[PDB]
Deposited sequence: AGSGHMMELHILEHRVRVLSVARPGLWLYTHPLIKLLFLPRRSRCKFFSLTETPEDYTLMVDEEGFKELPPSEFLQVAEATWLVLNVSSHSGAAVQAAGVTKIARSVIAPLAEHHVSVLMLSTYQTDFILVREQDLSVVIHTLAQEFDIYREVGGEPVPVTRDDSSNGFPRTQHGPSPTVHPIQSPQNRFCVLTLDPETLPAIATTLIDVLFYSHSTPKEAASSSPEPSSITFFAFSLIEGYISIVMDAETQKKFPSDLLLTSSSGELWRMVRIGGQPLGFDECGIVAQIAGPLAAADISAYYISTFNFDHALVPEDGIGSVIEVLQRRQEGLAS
């Protein structure tokens, strides 16, 4: 009935250490603000107290030199999106984890992306052929146990042609700003802009540009958990935004029920 689409993007996952981020000001800026200079179509940038986790297609990957501040996940990743015409947890990540496949969840303002190794593509088609109808984009056509800080997050989108109006204030946040977690998310994917940022980080930005109450739960290890969270929250389903970084996995649920989401996440 429903549909699960596999998209063209060939994503690479990087971890740029914080003290090294500046060595990549030139590349990342090209990917952030200058559409007409990089053919990249999938750009995800996340800031966490451990590092800056990046996800970029192969075309946006040839512009990031290797270095000591930069550790790359040696796997290539494909993108999955559910459509019809968020019950995603129990229908995508529980069958996935049951066969011990790891998934990187990246929910955005527009859609939710499930990232999988390409070596594990053979299983997602078989463990799932009968829950959805699986499509694959050929061209532009579809052919068949840890912490939570007190930060209050906003998930905002942005008209692409207004990105310059914030460029500076955005650059300032990422390359020059050094509970109470520092967390930031910016993703330009297929020309769609999504950002997660706390409340007084939005105070930095002008008033009415950021077009549109959340809160963070968090857990993961260095270098399966996303399924634990996803299944613990699908039980008595609530809304959530899942973002996977190099080390941790994050979920953003509304404030009004944060406590409940910590009761279900801790018993499991």
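A.B. asks: Could you list the ranges of the deposited sequence that have no C-alpha atoms in the model?
C.D. replies: Counting from residue 1, the stretches without coordinates are 1-5, 91-100, 160-181, 216-228, 263-267, 279-284, 330-335.
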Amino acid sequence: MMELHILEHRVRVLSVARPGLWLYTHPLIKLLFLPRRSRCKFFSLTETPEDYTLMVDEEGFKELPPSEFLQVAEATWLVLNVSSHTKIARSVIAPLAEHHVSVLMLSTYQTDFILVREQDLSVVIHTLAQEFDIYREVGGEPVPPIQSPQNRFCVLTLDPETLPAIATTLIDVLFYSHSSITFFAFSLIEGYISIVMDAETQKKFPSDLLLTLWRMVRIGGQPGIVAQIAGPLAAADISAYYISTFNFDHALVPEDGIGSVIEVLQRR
From here on, numbers count along this sequence of modelled residues.
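Throughout, rigid core stands for the largest set of C-alpha atoms superposing within 1.5 Å between the two forms.
A.B. asks: To spell it out: superpose each other structure in 4 other deposited structures of this protein onto this one by the rigid core, compute Cα RMS over structures and residues for 2-10 and for 258-266. Which is larger?
C.D. replies: Once the core is superposed, the stretch further away in 4 other deposited structures of this protein is 258-266.
A.B. asks: Once the rigid core is matched, which of the two stretches, 146-154 or 161-169, lies farther off on average in 4 other deposited structures of this protein by C-alpha?
C.D. replies: If we average over structures and residues in 4 other deposited structures of this protein, the farther stretch is 146-154.
A.B. asks: I'd like to know whether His85, which is modelled here, goes unmodelled in a third or more of the other compared entries that cover its flanking residues.
C.D. replies: yes, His85 frequently unmodelled elsewhere, at least a third of entries.
A.B. asks: Is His99 unbuilt in at least a third of the other PDB entries compared?
C.D. replies: No, modelled in all of them.
A.B. asks: Tell me which stretch has the larger mean Cα B-factor in this entry, 214-222 or 43-51.
C.D. replies: Per the PDB entry, the higher value belongs to 214-222.
A.B. asks: Would you mind comparing 70-78 and 132-140 for me and telling me which has the higher average C-alpha temperature factor in the entry?
C.D. replies: Result of the comparison: 132-140.
A.B. asks: Just to confirm, going by the entry's C-alpha B-factors, which of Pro206, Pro35, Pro27, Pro65 comes out highest?
C.D. replies: Checking the PDB record, the top C-alpha B-factor among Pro206, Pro35, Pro27, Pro65 is at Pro206.
A.B. asks: Based on what the PDB entry reports, which of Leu188, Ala94, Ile166, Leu115 has the top C-alpha B-factor?
C.D. replies: Among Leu188, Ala94, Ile166, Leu115, the highest C-alpha B-factor in the entry belongs to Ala94.
A.B. asks: Please place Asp172 in the lowest, middle or highest third of its chain by C-alpha B factor as given in the entry.
C.D. replies: Ranked within chain, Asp172 CA B lands in the lowest tercile.
A.B. asks: Compare the C-alpha B factor of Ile146 with those of the other modelled residues in its chain, then answer lowest, middle or highest third.
C.D. replies: CA B-factor rank for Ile146: highest third.
A.B. asks: For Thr182, return the chain-relative third of its C-alpha B-factor as stated in the PDB record: lowest, middle or highest.
C.D. replies: Middle third - that is where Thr182 ends up once the chain's C-alpha B-factors are sorted.
A.B. asks: C-alpha B factor of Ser122, ranked within the chain: lowest, middle or highest third?
C.D. replies: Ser122: CA B-factor falls in the highest third of its chain.
A.B. asks: Of the three thirds of its chain by CA temperature factor, lowest, middle or highest, which one includes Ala227?
C.D. replies: Top third by C-alpha B-factor.
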